[PDB]
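Visitor: Could you have a look at this structure, given as structure tokens, before my questions?
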Amino acid sequence: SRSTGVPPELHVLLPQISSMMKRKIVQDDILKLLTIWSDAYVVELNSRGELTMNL
Amino acid sequence: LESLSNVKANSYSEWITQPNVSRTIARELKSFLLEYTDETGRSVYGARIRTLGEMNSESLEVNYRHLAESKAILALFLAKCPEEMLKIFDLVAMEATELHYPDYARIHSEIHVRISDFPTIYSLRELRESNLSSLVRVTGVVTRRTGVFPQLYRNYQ
Amino acid sequence: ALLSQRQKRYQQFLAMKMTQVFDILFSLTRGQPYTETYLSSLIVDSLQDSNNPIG
Amino acid sequence: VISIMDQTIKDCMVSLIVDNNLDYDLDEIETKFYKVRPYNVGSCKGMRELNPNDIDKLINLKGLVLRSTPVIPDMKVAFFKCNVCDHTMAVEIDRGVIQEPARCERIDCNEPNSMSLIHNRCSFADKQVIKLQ
Amino acid sequence: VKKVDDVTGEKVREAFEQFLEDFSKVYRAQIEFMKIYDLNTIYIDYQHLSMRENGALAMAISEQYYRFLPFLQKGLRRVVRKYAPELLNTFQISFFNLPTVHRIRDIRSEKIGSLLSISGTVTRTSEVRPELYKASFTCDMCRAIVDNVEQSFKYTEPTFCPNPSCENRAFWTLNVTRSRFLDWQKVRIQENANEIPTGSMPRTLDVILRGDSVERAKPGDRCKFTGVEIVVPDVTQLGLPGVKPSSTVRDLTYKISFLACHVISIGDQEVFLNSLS
Ligand SMILES: [Zn+2]
Ligand SMILES: [Zn+2]
């Protein structure tokens with residue numbers, strides 16, 4: 001749905017994820033996934049001060 | 001054949017309208033509706049089809065996330081071109097449930113698919129132009145409501 | 001002397017403002033029959049919305 | 001009289017300035033159109049006294065303004081573009097009529113009914129309707 | 001058949017692109033900023049425009065804006081192709097900062113097609129609606145398809161089937177998918193108290209907003225608009241006195257309206273001090 005490859009911010013992704021999980025997912029949960037597989041997602045920070053993740 | 005659906009040389013809607021691709025994902029949809037696993041829950045959709053054929057319900061309900069797991073690109077095509085994808089999902093759900101409940105077409109002619117738990121949510125002020133011809137989920141208040149009348153017949157409101 | 005400097009300063013306020021005034025006539029004014037009364041009402045209305053309006 | 005005055009003004013520029021060798025500030029005046037408007041006709045009989053025999057004869061009146069319409073743009077020049085070869089014409093108005101070309105004027109392009117009117121490239125003239133009491 | 005080359009517009013487009021490429025480099029940066037956030041509109045400051053070709057470029061664009069407008073669109077579409085193909089694979093222009101503001105009484109037919117800025121207190125606003133910008137059609141006798149059908153303020157159907165194998169004319173099917181729509185809103189503005197002499201009536205005028213400019217006009221706001229003057233079909237002029245022109249028969253009455261490409265509402269010490277000499 002995005003015409004550009006810039007990933008959306010985490011503060012949008014987590015609410016969308018939380019509804020699907022039937023359980024609230026927070027920032028610290030993402031770091032658990034990164035520990036298991038380092039190359040799972042790109043974790044570059046947005047200049048707005050919002051965390052981002054991408055394929 | 002599922003991997004071949006990923007390789008696209010046209011637009012999203014253009015590729016789906018191809019008869020070979022349409023039949024490809026029709027088989028892919030048909031495979032999923034009976035084959036799924038939720039550990040302890042196993043094939044939940046098998047029970048979903050079971051209770052739906054028990055009730056003879058026209059409302060074919062599906063969870064969004066489950067389709068995206070077994071069939072990765074099949075669910076995403078449903079999101080980008082809902083009209084084209086649900087057009088054949090009408091027939092696939094008809095044939096897949098007739099695997100469990102044959103002669104269903106003897107009473108009901110069509111099976112309109114009801115998607116559920118779609119994750120992306122938009123407000124009435126966020127409906128950009130890029131969201132045209134796409135599946136969207138919005139929340140609001142019912143202000144005006146019309147009556148029930150048949151449409152060229154089936155009910156309309 | 002103080003009153004003279006008040007006079008000297010105030011004309012420079014008009015002497016430098018005229019730079020942003022000849023762009024008013026140059027842009028969308030097209031004939032000689034324009035009289036000073038019509039021009040004066042136009043100048044005040046163009047600078048009326050600015051932070052430094054003119055009478 | 002108006003055409004005479006226009007010619008007279010043209011003569012005045014030619015005779016009184018350049019023929020008199022005073023100056024040459026008349027180059028553009030050869031092209032611009034003038035008009036002279038008579039105002040001080042003798043006192044007239046008023047609106048309620050007018051008669052059908054007075055038609056087309058200049059009169060004088062006084063009154064009060066009630067309603068004024070905005071500046072209505074009246075057509076004077078029509079701009080046509082050919083819908084297949086994009087050729088542009090310039091058709092003027094003669095006595096309040098617009099003559100739509102039936103064929104493109106170019107020799108190569110002769111398609112019948114191929115011309116189209118472009119609304120916003122035309123030239124208009126200001127018309128104001130005023131009501132007097 | 002070779003079409004007519006409008007040498008004036010092409011020269012405008014060449015200068016317009018050179019202005020975008022060379023002017024100090026916010027305009028290059030602005031396009032990139034649009035790419036990041038999926039923006040649809042580019043804004044240009046007129047004082048920047050007047051600083052090239054010693055103002056001649058700005059004057060030519062200003063006086064005949066409606067004529068040159070497609071040429072500016074062609075100018076930018078090359079640039080987004082050149083430096084941001086993502087945006088090209090995903091478009092409006094908005095001028096502002098005119099040095100002169102023209103009152104409602106200055107709306108005269110001699111300025112149709114030129115660029116002007118007016119000020120007027122907003123009295124009404126209408127709800128926004130999508131407006132057909134560029135439509136497409138499919139033939140009826142055959143299955144040919146016609147794209148890029150610009151409307152230009154009227155419902156224009158194609159005049160010919162492009163395939164010589166078909167003879168269809170004046171029969172078409174409107175496409176609702178390949179066509180593009182644009183936001184459109186009508187605003188009624190009124191002359192300010194300080195514009196007119198005391199004891200006189202204030203005038204009224206209707207302004208048209210498109211694209212992102214919609215919903216930026218709020219009733220009671222002392223808005224300022226920037227755009228161009230257009231004429232729209234009108235039937236209220238009939239019945240008035242005076243000889244009425246005719247075309248051949250068809251009636252061609254018109255009324256004046258204003259098309260605004262930019263909307264601003266005008267009513268902190270460091271911000272204020274920076275705007276004064
Ligand atoms: Zn032609
Ligand atoms: Zn055809």
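Going by the structure tokens order, chains are called A, B, ..., each with residues numbered from 1, while ligands are numbered from 1 in the order shown.
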Do you know which residues are within 6 Å of ligand 2 using only C-alpha atoms and all ligand atoms? Can you write them as a PyMOL selection string?
Guide: chain E and resi 139+141-142+144+161+166+168
Visitor: Keeping only N, CA, C and O atoms, take the residues you just selected and write them out as an mmCIF file, in the first residue's frame.
Guide:
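File out-v1.cif, as written:
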```cif
data_model
loop_
_atom_site.group_PDB
_atom_site.id
_atom_site.type_symbol
_atom_site.label_atom_id
_atom_site.label_comp_id
_atom_site.auth_asym_id
_atom_site.auth_seq_id
_atom_site.Cartn_x
_atom_site.Cartn_y
_atom_site.Cartn_z
ATOM 1 N N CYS E 139 -14.703 1.593 -26.428
ATOM 2 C CA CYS E 139 -15.606 1.666 -27.567
ATOM 3 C C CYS E 139 -16.766 0.689 -27.411
ATOM 4 O O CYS E 139 -16.695 -0.285 -26.658
ATOM 5 N N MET E 141 -18.813 -0.367 -30.522
ATOM 6 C CA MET E 141 -18.787 -1.260 -31.676
ATOM 7 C C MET E 141 -17.662 -2.280 -31.570
ATOM 8 O O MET E 141 -17.859 -3.456 -31.899
ATOM 9 N N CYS E 142 -16.485 -1.856 -31.117
ATOM 10 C CA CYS E 142 -15.364 -2.753 -30.887
ATOM 11 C C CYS E 142 -14.890 -2.575 -29.452
ATOM 12 O O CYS E 142 -15.440 -1.777 -28.690
ATOM 13 N N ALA E 144 -11.999 -1.367 -28.413
ATOM 14 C CA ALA E 144 -10.911 -0.417 -28.269
ATOM 15 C C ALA E 144 -11.096 0.410 -26.999
ATOM 16 O O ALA E 144 -12.205 0.565 -26.480
ATOM 17 N N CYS E 161 -13.107 6.800 -32.903
ATOM 18 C CA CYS E 161 -12.449 5.562 -32.508
ATOM 19 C C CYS E 161 -11.058 5.509 -33.131
ATOM 20 O O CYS E 161 -10.928 5.636 -34.352
ATOM 21 N N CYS E 166 -12.722 0.310 -37.053
ATOM 22 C CA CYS E 166 -14.009 0.622 -36.452
ATOM 23 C C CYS E 166 -14.426 2.026 -36.855
ATOM 24 O O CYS E 166 -13.583 2.914 -37.009
ATOM 25 N N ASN E 168 -16.955 3.796 -35.132
ATOM 26 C CA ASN E 168 -17.804 4.305 -34.063
ATOM 27 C C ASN E 168 -17.572 5.794 -33.838
ATOM 28 O O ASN E 168 -16.448 6.291 -33.946
#
```
Visitor: Do a neighbour search on residue E:147 at 7 Å with only C-alpha atoms, toss out local chain neighbours closer than 4 positions, and write the hits as a list in words.
Guide: residues 135, 136 and 137 of chain E
Visitor: For the structure I just gave you, how does DSSP split chain A - specifically, which residues are helix (DSSP H, G or I)? Reply as a ChimeraX atom specification.
Guide: /A:10-21,27-36,38-40
Visitor: For chain D, which residues have at least one atom within 9 Å of chain E, if we go by only C-alpha atoms? Write them as an MDAnalysis selection string, please.
Guide: chainID D and resid 70:75 83:88 93 95:101 108:109 114 118:127 129
Visitor: Just the residues within 12 Å of stretch 21-35 of chain C, please, counting only C-alpha atoms, with nothing from its chain fewer than 4 positions along; format it as a count of residues only.
Guide: 45
